[PDB]
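Q: What follows is a single structure, and I will ask about it in a moment.
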Amino acid sequence: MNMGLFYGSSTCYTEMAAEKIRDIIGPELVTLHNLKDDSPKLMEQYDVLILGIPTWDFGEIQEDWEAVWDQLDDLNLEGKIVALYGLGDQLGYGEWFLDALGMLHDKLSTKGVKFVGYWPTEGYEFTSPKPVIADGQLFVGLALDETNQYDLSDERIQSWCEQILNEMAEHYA
Ligand SMILES: Cc1cc2nc3c(=O)[nH]c(=O)nc-3n(C[C@H](O)[C@H](O)[C@H](O)COP(=O)(O)O)c2cc1C
């Protein structure tokens with residue numbers, strides 16, 4: 001299946017993660033979409049999607065994601081696989097770490113999607129109630145930080161990619 005990597009970035013952080021995800025999984029079948037210029041309507045075509053939101057200004061969404069957040073309700077995503085990923089920082093926040101991630105998860109759960117890319121919350125710092133499932137033991141998506149985890153965020157992407165490329169494919173078997 002062809003898969004759509006969607007993101008929005010004010011700087012470059014979500015962009016660099018996007019390149020990595022598509023690269024690791026396979027640019028044969030993954031395609032980047034830069035929502036600060038691309039319309040999310042093309043996300044209706046692709047069988048499977050991977051969507052990435054940075055949490056800005058204390059639990060705000062990145063400003064270019066806010067621009068398409070309106071259309072996401074109108075789109076056809078019903079029965080699509082979605083892997084969420086998100087960016088923030090633990091040291092300055094924790095409380096607002098991945099807050100936008102929880103918001104897309106609650107957005108796209110109403111869109112009748114199926115989700116991949118959970119991680120266990122152990123060995124991380126957040127204590128926020130939003131980006132978590134089960135009993136709060138696993139995150140809704142890949143969680144990154146570029147303010148101090150910049151040394152390892154790269155390694156966490158690839159390992160996340162190594163599961164989502166199974167979770168999506170094994171669903172589709
Ligand atoms: C003014 C400002 C506010 C931020 N607000 C949050 C926040 O609410 N939660 C969080 O965990 N990180 C926060 N961050 C960290 C960013 O989410 C993080 O750097 C992210 O990678 C931004 O991605 P982007 O620039 O590609 O859009 C903030 C950063 C700045 C500069």
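Residues are named by chain letter and number: chains run A, B, ... in the order of the structure tokens, numbers start at 1 in each chain, and ligands are numbered from 1 in the order shown.
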Enumerate as number ranges by chain the residues within 8 Å of ligand 1, counting only C-alpha atoms and all ligand atoms.

A: A: 8-15, 53-60, 62, 87-90, 92-99, 144-147

Q: Report the closest atom pair, with its distance in Å rounded to one decimal, for each residue of region 79-119 of chain A that has an atom no farther than 12 Å from region 154-157 of chain A; count only C-alpha atoms, sort by chain and then rising residue number, and write it as CSV.

A:
residue,atom,partner,partner_atom,distance
A:84,CA,A:157,CA,11.8
A:85,CA,A:157,CA,9.1
A:86,CA,A:157,CA,10.8
A:87,CA,A:157,CA,11.5
A:117,CA,A:157,CA,10.3
A:119,CA,A:156,CA,10.0

Q: Please dump the current selection as a PDB file, in the first residue's frame; keep N, CA, C and O atoms.

A:
ATOM      1  N   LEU A  84       0.038   8.278  14.846  1.00  0.00           N
ATOM      2  CA  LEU A  84       0.353   9.625  15.317  1.00  0.00           C
ATOM      3  C   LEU A  84       1.755   9.704  15.899  1.00  0.00           C
ATOM      4  O   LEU A  84       2.188   8.809  16.619  1.00  0.00           O
ATOM      5  N   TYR A  85       2.429  10.826  15.662  1.00  0.00           N
ATOM      6  CA  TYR A  85       3.672  11.183  16.330  1.00  0.00           C
ATOM      7  C   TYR A  85       3.599  12.646  16.746  1.00  0.00           C
ATOM      8  O   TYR A  85       2.801  13.405  16.195  1.00  0.00           O
ATOM      9  N   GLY A  86       4.361  13.068  17.749  1.00  0.00           N
ATOM     10  CA  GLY A  86       4.305  14.446  18.199  1.00  0.00           C
ATOM     11  C   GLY A  86       5.590  14.877  18.852  1.00  0.00           C
ATOM     12  O   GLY A  86       6.419  14.047  19.236  1.00  0.00           O
ATOM     13  N   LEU A  87       5.745  16.192  18.954  1.00  0.00           N
ATOM     14  CA  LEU A  87       6.954  16.836  19.439  1.00  0.00           C
ATOM     15  C   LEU A  87       6.571  17.728  20.615  1.00  0.00           C
ATOM     16  O   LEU A  87       5.448  18.242  20.663  1.00  0.00           O
ATOM     17  N   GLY A 117       1.508   2.541  16.411  1.00  0.00           N
ATOM     18  CA  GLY A 117       2.570   3.363  16.929  1.00  0.00           C
ATOM     19  C   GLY A 117       2.396   3.767  18.387  1.00  0.00           C
ATOM     20  O   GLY A 117       2.791   4.877  18.737  1.00  0.00           O
ATOM     21  N   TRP A 119       3.713   3.575  22.262  1.00  0.00           N
ATOM     22  CA  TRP A 119       4.949   3.303  23.003  1.00  0.00           C
ATOM     23  C   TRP A 119       4.621   3.181  24.480  1.00  0.00           C
ATOM     24  O   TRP A 119       3.754   3.927  24.924  1.00  0.00           O
TER      25      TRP A 119
END

Q: Dump as JSON lines the rows for residues of region 37-109 of chain A within 10 Å of region 18-32 of chain A: closest atom pair and distance in Å with one decimal, only C-alpha atoms counted, ordered by chain and rising residue number.

A:
{"residue": "A:38", "atom": "CA", "partner": "A:32", "partner_atom": "CA", "distance": 9.6}
{"residue": "A:46", "atom": "CA", "partner": "A:30", "partner_atom": "CA", "distance": 9.5}
{"residue": "A:48", "atom": "CA", "partner": "A:30", "partner_atom": "CA", "distance": 9.3}
{"residue": "A:49", "atom": "CA", "partner": "A:30", "partner_atom": "CA", "distance": 8.8}
{"residue": "A:50", "atom": "CA", "partner": "A:21", "partner_atom": "CA", "distance": 8.7}
{"residue": "A:51", "atom": "CA", "partner": "A:18", "partner_atom": "CA", "distance": 8.9}
{"residue": "A:52", "atom": "CA", "partner": "A:18", "partner_atom": "CA", "distance": 7.8}
{"residue": "A:85", "atom": "CA", "partner": "A:18", "partner_atom": "CA", "distance": 9.7}

Q: Output as number ranges by chain all residues of chain A that backbone DSSP marks as alpha helix (DSSP H).

A: A: 13-25, 63-68, 99-110, 153-171

Q: Keeping only N, CA and C atoms, write the selected residues to a file as a CSV table (one decimal), in the first residue's frame.

A:
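Written output follows (part-v7.csv):
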chain,number,residue,atom,x,y,z
A,13,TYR,N,11.6,20.9,12.7
A,13,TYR,CA,11.6,19.7,13.5
A,13,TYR,C,10.7,18.6,13.0
A,14,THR,N,9.5,18.9,12.7
A,14,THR,CA,8.5,17.9,12.2
A,14,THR,C,8.9,17.5,10.8
A,15,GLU,N,9.4,18.4,10.1
A,15,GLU,CA,9.9,18.1,8.7
A,15,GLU,C,11.0,17.1,8.8
A,16,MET,N,12.0,17.2,9.6
A,16,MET,CA,13.1,16.3,9.7
A,16,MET,C,12.7,14.9,10.1
A,17,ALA,N,11.8,14.8,11.1
A,17,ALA,CA,11.1,13.6,11.5
A,17,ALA,C,10.4,12.9,10.3
A,18,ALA,N,9.6,13.7,9.6
A,18,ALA,CA,8.9,13.3,8.4
A,18,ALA,C,9.8,12.6,7.4
A,19,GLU,N,10.9,13.2,7.1
A,19,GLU,CA,11.9,12.6,6.2
A,19,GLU,C,12.3,11.3,6.6
A,20,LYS,N,12.7,11.2,7.9
A,20,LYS,CA,13.2,10.0,8.6
A,20,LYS,C,12.1,8.9,8.5
A,21,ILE,N,10.9,9.2,9.0
A,21,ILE,CA,9.9,8.2,9.0
A,21,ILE,C,9.7,7.5,7.6
A,22,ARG,N,9.5,8.4,6.6
A,22,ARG,CA,9.3,7.9,5.2
A,22,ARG,C,10.5,7.2,4.7
A,23,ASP,N,11.7,7.6,5.1
A,23,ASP,CA,13.0,7.0,4.7
A,23,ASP,C,13.1,5.6,5.3
A,24,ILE,N,12.9,5.5,6.6
A,24,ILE,CA,13.1,4.3,7.3
A,24,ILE,C,12.0,3.2,6.9
A,25,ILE,N,10.8,3.6,6.7
A,25,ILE,CA,9.7,2.8,6.3
A,25,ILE,C,9.8,2.4,4.9
A,63,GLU,N,0.6,26.1,14.3
A,63,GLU,CA,-0.3,27.1,13.6
A,63,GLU,C,-0.8,26.7,12.2
A,64,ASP,N,0.0,25.9,11.5
A,64,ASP,CA,-0.4,25.5,10.2
A,64,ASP,C,-1.2,24.2,10.2
A,65,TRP,N,-1.1,23.4,11.3
A,65,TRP,CA,-2.0,22.3,11.5
A,65,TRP,C,-3.4,22.8,11.9
A,66,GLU,N,-3.5,23.9,12.7
A,66,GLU,CA,-4.7,24.5,13.0
A,66,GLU,C,-5.5,24.9,11.7
A,67,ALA,N,-4.8,25.3,10.7
A,67,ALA,CA,-5.4,25.7,9.4
A,67,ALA,C,-6.1,24.6,8.7
A,68,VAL,N,-5.7,23.3,8.9
A,68,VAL,CA,-6.3,22.2,8.2
A,68,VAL,C,-7.2,21.4,9.2
A,99,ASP,N,0.7,17.4,24.1
A,99,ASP,CA,-0.7,17.8,24.3
A,99,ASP,C,-1.5,17.8,23.0
A,100,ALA,N,-0.9,18.3,21.9
A,100,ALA,CA,-1.4,18.3,20.6
A,100,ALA,C,-1.6,16.8,20.1
A,101,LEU,N,-0.8,15.9,20.5
A,101,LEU,CA,-0.9,14.5,20.2
A,101,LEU,C,-2.2,13.9,20.7
A,102,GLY,N,-2.5,14.2,21.9
A,102,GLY,CA,-3.8,13.8,22.5
A,102,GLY,C,-4.9,14.4,21.7
A,103,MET,N,-4.8,15.6,21.3
A,103,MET,CA,-5.9,16.3,20.6
A,103,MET,C,-6.1,15.7,19.2
A,104,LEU,N,-5.1,15.4,18.4
A,104,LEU,CA,-5.3,14.7,17.2
A,104,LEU,C,-5.9,13.3,17.4
A,105,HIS,N,-5.5,12.7,18.5
A,105,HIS,CA,-5.9,11.3,18.8
A,105,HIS,C,-7.5,11.3,19.0
A,106,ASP,N,-8.0,12.2,19.7
A,106,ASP,CA,-9.4,12.5,20.0
A,106,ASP,C,-10.1,13.0,18.8
A,107,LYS,N,-9.5,13.8,18.0
A,107,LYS,CA,-10.0,14.2,16.7
A,107,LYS,C,-10.2,12.9,15.8
A,108,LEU,N,-9.1,12.2,15.5
A,108,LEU,CA,-9.2,11.1,14.6
A,108,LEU,C,-9.9,9.9,15.1
A,109,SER,N,-10.0,9.7,16.4
A,109,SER,CA,-10.9,8.6,16.9
A,109,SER,C,-12.3,8.8,16.5
A,110,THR,N,-12.8,10.0,16.3
A,110,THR,CA,-14.2,10.3,15.9
A,110,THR,C,-14.3,10.0,14.4
A,153,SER,N,16.4,11.3,19.6
A,153,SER,CA,15.1,11.4,19.0
A,153,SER,C,15.1,10.6,17.6
A,154,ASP,N,16.3,10.7,17.0
A,154,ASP,CA,16.6,10.0,15.7
A,154,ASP,C,16.4,8.5,15.8
A,155,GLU,N,16.9,7.9,17.0
A,155,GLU,CA,16.9,6.5,17.2
A,155,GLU,C,15.4,6.0,17.5
A,156,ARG,N,14.7,6.9,18.1
A,156,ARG,CA,13.3,6.5,18.5
A,156,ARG,C,12.4,6.6,17.3
A,157,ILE,N,12.7,7.4,16.3
A,157,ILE,CA,11.9,7.4,15.1
A,157,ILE,C,12.0,6.1,14.4
A,158,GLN,N,13.2,5.7,14.1
A,158,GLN,CA,13.5,4.4,13.4
A,158,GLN,C,12.8,3.2,14.1
A,159,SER,N,13.0,3.1,15.4
A,159,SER,CA,12.4,2.0,16.1
A,159,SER,C,10.9,2.1,16.1
A,160,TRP,N,10.3,3.3,16.1
A,160,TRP,CA,8.8,3.4,16.0
A,160,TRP,C,8.4,3.0,14.6
A,161,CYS,N,9.1,3.4,13.6
A,161,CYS,CA,8.9,3.1,12.2
A,161,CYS,C,9.0,1.5,12.1
A,162,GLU,N,9.9,0.9,12.8
A,162,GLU,CA,10.0,-0.6,12.6
A,162,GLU,C,8.8,-1.3,13.2
A,163,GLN,N,8.0,-0.7,14.1
A,163,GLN,CA,6.8,-1.3,14.5
A,163,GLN,C,5.6,-0.9,13.6
A,164,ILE,N,5.5,0.4,13.3
A,164,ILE,CA,4.3,0.8,12.5
A,164,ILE,C,4.2,0.1,11.2
A,165,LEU,N,5.4,-0.1,10.5
A,165,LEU,CA,5.5,-0.8,9.2
A,165,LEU,C,5.0,-2.3,9.3
A,166,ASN,N,5.0,-2.8,10.5
A,166,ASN,CA,4.4,-4.1,10.8
A,166,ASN,C,3.0,-4.0,11.2
A,167,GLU,N,2.6,-3.0,12.1
A,167,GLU,CA,1.3,-2.9,12.6
A,167,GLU,C,0.3,-2.7,11.5
A,168,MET,N,0.7,-1.9,10.5
A,168,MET,CA,-0.1,-1.5,9.3
A,168,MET,C,-0.2,-2.6,8.3
A,169,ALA,N,0.9,-3.3,8.1
A,169,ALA,CA,1.0,-4.4,7.1
A,169,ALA,C,0.2,-5.6,7.5
A,170,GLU,N,0.4,-6.0,8.8
A,170,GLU,CA,-0.2,-7.1,9.5
A,170,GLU,C,-1.7,-6.9,9.6
A,171,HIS,N,-2.2,-5.7,9.7
A,171,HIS,CA,-3.6,-5.3,9.7
A,171,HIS,C,-4.2,-5.6,8.3

Q: For residue 113 (chain A), list every protein, DNA or RNA residue within 8 Å, evaluated using only C-alpha atoms, and leave out those in the same chain fewer than 4 positions away; present the list as a list in words.

A: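 Here the answer would be residues 77, 78, 79, 80, 81, 82, 108 and 109 of chain A.
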
Q: Which is closest to residue 69 (chain A) among A:118, A:126, A:150, A:7, if we use only C-alpha atoms?

A: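 Result for the nearest residue to residue 69 (chain A): A:7.
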
Q: Can you pull out the residues contacting residue 43 (chain A)? Cut-off 9 Å, using only C-alpha atoms, and skip same-chain residues under 6 positions away; I want them as a short mmCIF file (atom, residue, chain, number, x, y, z; two decimals) with C-alpha atoms, in the first residue's frame.

A:
data_model
loop_
_atom_site.label_atom_id
_atom_site.label_comp_id
_atom_site.auth_asym_id
_atom_site.auth_seq_id
_atom_site.Cartn_x
_atom_site.Cartn_y
_atom_site.Cartn_z
CA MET A 3 1.02 5.65 2.72
CA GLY A 4 0.91 9.39 3.37
CA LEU A 5 3.26 11.08 5.87
CA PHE A 6 1.56 14.37 6.88
CA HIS A 33 2.82 16.05 2.63
CA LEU A 49 -1.46 7.73 7.06
CA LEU A 75 -12.42 14.20 5.19
CA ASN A 76 -12.98 10.54 4.55
CA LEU A 77 -10.67 8.65 6.99
#

Q: Name the residues of chain A that fall into strand (DSSP E) according to DSSP on the backbone, using the chain letters and numbers of this document, as a ChimeraX atom specification.

A: /A:3-7,30-34,48-56,60-61,81-88,114-116,119-120,132-133,138-139,142-145

Q: Keeping only N, CA and C atoms, write those residues as a compact mmCIF listing (two decimals), in the first residue's frame.

A:
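As written to disk, result34.txt reads:
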# COMPACT_ATOMS: atom_id res chain seq x y z
N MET A 3 1.29 5.08 1.41
CA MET A 3 1.02 5.65 2.72
C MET A 3 1.40 7.12 2.69
N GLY A 4 0.67 7.96 3.41
CA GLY A 4 0.91 9.39 3.37
C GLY A 4 1.50 9.86 4.69
N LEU A 5 2.72 10.40 4.70
CA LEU A 5 3.26 11.08 5.87
C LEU A 5 2.83 12.55 5.80
N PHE A 6 1.97 12.98 6.72
CA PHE A 6 1.56 14.37 6.88
C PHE A 6 2.18 15.00 8.12
N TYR A 7 2.55 16.28 8.01
CA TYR A 7 3.10 17.06 9.11
C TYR A 7 2.91 18.55 8.85
N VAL A 30 5.91 5.41 1.03
CA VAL A 30 5.54 6.57 1.84
C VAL A 30 5.80 7.84 1.03
N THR A 31 4.93 8.85 1.16
CA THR A 31 5.07 10.14 0.52
C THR A 31 4.82 11.25 1.54
N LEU A 32 5.73 12.23 1.62
CA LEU A 32 5.57 13.41 2.48
C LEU A 32 4.49 14.35 1.95
N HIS A 33 3.79 15.01 2.87
CA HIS A 33 2.82 16.05 2.63
C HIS A 33 3.02 17.11 3.71
N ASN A 34 3.29 18.33 3.27
CA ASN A 34 3.72 19.45 4.10
C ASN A 34 2.49 20.35 4.25
N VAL A 48 -3.31 4.37 4.26
CA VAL A 48 -2.69 4.43 5.57
C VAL A 48 -2.03 5.80 5.68
N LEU A 49 -2.03 6.41 6.86
CA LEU A 49 -1.46 7.73 7.06
C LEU A 49 -0.59 7.74 8.30
N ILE A 50 0.41 8.61 8.33
CA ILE A 50 1.18 8.89 9.54
C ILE A 50 1.15 10.40 9.70
N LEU A 51 0.66 10.91 10.83
CA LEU A 51 0.42 12.34 11.04
C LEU A 51 1.23 12.81 12.23
N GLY A 52 1.86 13.98 12.13
CA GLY A 52 2.76 14.48 13.16
C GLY A 52 2.45 15.91 13.58
N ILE A 53 2.18 16.16 14.86
CA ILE A 53 1.87 17.50 15.40
C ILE A 53 2.85 17.92 16.50
N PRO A 54 3.49 19.09 16.38
CA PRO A 54 4.24 19.72 17.47
C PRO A 54 3.25 20.40 18.43
N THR A 55 3.50 20.37 19.74
CA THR A 55 2.70 21.14 20.69
C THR A 55 3.38 22.49 20.89
N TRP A 56 2.78 23.58 20.40
CA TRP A 56 3.25 24.93 20.61
C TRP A 56 2.52 25.58 21.79
N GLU A 60 -1.18 24.34 22.64
CA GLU A 60 -1.67 24.76 21.35
C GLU A 60 -1.11 23.82 20.29
N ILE A 61 -1.83 23.72 19.18
CA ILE A 61 -1.38 22.99 18.01
C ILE A 61 -0.46 23.94 17.22
N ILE A 81 -5.82 3.37 8.56
CA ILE A 81 -4.84 3.27 9.64
C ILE A 81 -4.15 4.61 9.76
N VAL A 82 -3.93 5.04 10.99
CA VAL A 82 -3.24 6.27 11.32
C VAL A 82 -2.19 5.97 12.38
N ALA A 83 -0.95 6.41 12.18
CA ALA A 83 0.07 6.43 13.21
C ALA A 83 0.29 7.89 13.59
N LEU A 84 0.04 8.28 14.85
CA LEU A 84 0.35 9.62 15.32
C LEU A 84 1.76 9.70 15.90
N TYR A 85 2.43 10.83 15.66
CA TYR A 85 3.67 11.18 16.33
C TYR A 85 3.60 12.65 16.75
N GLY A 86 4.36 13.07 17.75
CA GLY A 86 4.30 14.45 18.20
C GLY A 86 5.59 14.88 18.85
N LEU A 87 5.74 16.19 18.95
CA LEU A 87 6.95 16.84 19.44
C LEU A 87 6.57 17.73 20.62
N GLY A 88 7.51 17.96 21.52
CA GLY A 88 7.40 18.93 22.59
C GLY A 88 8.71 18.95 23.36
N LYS A 114 -8.15 3.46 12.66
CA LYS A 114 -7.49 2.50 13.54
C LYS A 114 -6.07 3.00 13.76
N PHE A 115 -5.50 2.86 14.95
CA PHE A 115 -4.25 3.49 15.29
C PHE A 115 -3.12 2.48 15.43
N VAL A 116 -1.90 2.89 15.08
CA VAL A 116 -0.67 2.15 15.35
C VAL A 116 0.33 3.06 16.06
N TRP A 119 3.71 3.58 22.26
CA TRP A 119 4.95 3.30 23.00
C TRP A 119 4.62 3.18 24.48
N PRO A 120 5.33 2.37 25.28
CA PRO A 120 5.18 2.42 26.72
C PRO A 120 5.77 3.74 27.25
N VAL A 132 -2.06 9.68 26.32
CA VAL A 132 -1.92 8.37 26.96
C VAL A 132 -3.20 7.54 26.77
N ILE A 133 -3.07 6.21 26.69
CA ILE A 133 -4.16 5.25 26.61
C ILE A 133 -4.00 4.21 27.70
N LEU A 138 0.92 3.51 28.23
CA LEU A 138 1.39 3.70 26.85
C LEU A 138 0.87 5.01 26.27
N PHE A 139 1.69 5.67 25.44
CA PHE A 139 1.37 6.89 24.75
C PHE A 139 0.52 6.59 23.53
N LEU A 142 4.24 8.15 18.79
CA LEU A 142 5.67 8.43 18.98
C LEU A 142 5.79 9.80 19.63
N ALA A 143 6.66 9.88 20.63
CA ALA A 143 6.90 11.10 21.40
C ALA A 143 8.36 11.49 21.22
N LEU A 144 8.62 12.71 20.77
CA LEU A 144 9.97 13.24 20.55
C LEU A 144 10.13 14.58 21.27
N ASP A 145 11.38 14.95 21.51
CA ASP A 145 11.80 16.26 21.97
C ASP A 145 13.12 16.58 21.29

Q: Between CA of residue 71 (chain A) and CA of residue 112 (chain A), what is the distance in Å, rounded to a tenth?

A: 15.4 Å
